[PDB]
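What follows are structure tokens for two forms of the same protein chain, given separately as structure 1 and structure 2.
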Structure 1
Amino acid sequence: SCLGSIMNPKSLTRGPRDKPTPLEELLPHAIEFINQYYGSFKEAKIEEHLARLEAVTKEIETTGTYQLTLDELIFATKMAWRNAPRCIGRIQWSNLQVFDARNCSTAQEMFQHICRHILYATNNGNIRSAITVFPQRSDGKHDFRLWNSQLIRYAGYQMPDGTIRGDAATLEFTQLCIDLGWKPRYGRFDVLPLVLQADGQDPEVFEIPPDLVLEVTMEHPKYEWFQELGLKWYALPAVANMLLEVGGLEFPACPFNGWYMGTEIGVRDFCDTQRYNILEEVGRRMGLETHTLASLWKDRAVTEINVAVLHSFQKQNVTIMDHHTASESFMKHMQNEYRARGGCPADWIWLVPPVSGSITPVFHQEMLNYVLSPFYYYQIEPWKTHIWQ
């Protein structure tokens, strides 16, 4: 049975190791990557190409592993991007900023690199795509991990009076956070602390410097009561827990970010029943027939919450993108791609906006989803495998 509809298929996950990765597999992978890279240069360099092939082979045998040239890493992070079946923004693949923190060693050094990142990328609202590569997995017992699903994310508490406050999606991580000594500010929009694990050590908590988390206060351009819902969201979508695989190497810590596509905050974060779940309150406050589904009131509401989100980001000068423009963009990417290298790994179930499905062009496009390399994999949640001091 085609399992296309599963969220975290094993095929897409790259789990924990206990010992270096077998040279039998590591070597041919590395040769593959090096060929990819030199092969990418318009105008080749066989001298250099051959030299590198050799150098790497040596190192791998003299050390059972190898290190990438900063140039190769910059090429790895983008290709990995380029090969992300579930991203609509890939038309921007070649435009990434890479922060090489491969020489990091402590958690506080991590906490600093992440801050340099959050700051570089936010740019006072003019968002820039960036990535921060930490030390590559070596023996699997010294892995660098970020226990957060994403850099800036809001906490989710379970109130005394039984009601859940904040983002229910993070109720569990939040407890853990609290278990590790974080002071719960019991809000609806409390930015979660960075929980960092460096060189295999138990995880360490760090509050994100408030000045660094840019936020957008939600207000609709016709409805004055929108603002009364006292809603807001962070401007930076930064995925924090994925693994970068390139030429046999695995970087278990490599936060990356882009800008937002409105429907994420719009439809998913706010409207999902298992998230901020604000669809009824917005329905009611619109006078809609909130008690008859056939009235299509949800379709009606959600579009306004979407206009609010977009309106707010534009008004505040924060970068954002609507799903339509996103889709036409991806469509053009896909064509560049088929022309450029005849193919584009694409996952329709993800590439199609969560609203306005068929009004969007990607809905009518047949796609082939396949995992290439380099690639960004998922990982088992650390607290599930981590061995404590």
Structure 2
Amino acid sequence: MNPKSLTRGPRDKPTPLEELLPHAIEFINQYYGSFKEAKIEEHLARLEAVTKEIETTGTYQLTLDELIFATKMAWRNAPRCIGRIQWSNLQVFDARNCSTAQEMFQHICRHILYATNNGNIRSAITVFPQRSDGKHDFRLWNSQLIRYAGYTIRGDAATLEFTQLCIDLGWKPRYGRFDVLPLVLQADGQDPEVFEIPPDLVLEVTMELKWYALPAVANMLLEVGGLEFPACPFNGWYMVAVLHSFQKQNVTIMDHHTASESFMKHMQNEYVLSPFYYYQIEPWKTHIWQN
């Protein structure tokens, strides 16, 4: 067998042009190929413009239309995602001009607000700046946007390490079993900063014990045309008393009705794999602290 690695690690220098160029061209091809017989001259013009941009700047920038296409195709290319059957139902937030952790925080608040939608969950992805030389990475250190702290264990067991990490960074822990972890945000390669999520932004389902309604993956990397975006949180909705509690509180889960309706909406939008979502190495294992 020759499976590929599902992890894409850090770099300490820009991607070499001889490597980036062919990848960029292959992506531009799959983008314009999605127009069948249309836009041959547009395809060539874009090829020419990207090549000169790479040769002059060392990299290139996607158009927002190309970015939206990439995020949806990477979702389609996700092997284990049940949700990928309706891949066209995705809202993209473009945060590629983001510069600070405080700005990252506001983008994430926007995402949580929109996606939670008072329970009527919507799928969304927020895309922060692509990797340049790999020393200025944007990253979310969280594994999910919303998750409970873990501390005889109290809270979520799978967060024990991250919870201690937040505490080390100055986060003041309560010791409940449903404490929502803070956001730990790294911008432009700097040391992470800690941001409490405003409680009103966290919708929870009461089991009739409780659980948060928004499942959002915070820690993966989007690869597209040789470009890498190491910060790109996305969310879908969840797939017992839980089955009853979510429906009774009007929070979306993937029951048969939702499966049918979301596929129907997808279907109306018609009126090595790449692009791809990669796992990364946990950033606290690779980060060089500056202070």
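By rigid core we mean the largest C-alpha set that fits within 1.5 Å across both forms. Only residues modelled in both forms are compared. Every residue number counts along structure 1's sequence, beginning with 1.
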Check your understanding: Which listed residue (65, 57, 36, 329) has a Cα shift of at least 2 Å between structures 1 and 2, rigid core superposed?
Key -> 329
Review point. Once you lay the two forms on top of each other by their rigid core, how far has the C-alpha of residue 87 moved between structures 1 and 2, in Å?
Key: 0.4
Revision key, fill the gap. Of the residues shared between structures 1 and 2, runs of 3+ whose Cα all shift 2 Å or more on the rigid core are 7-10, 322-338
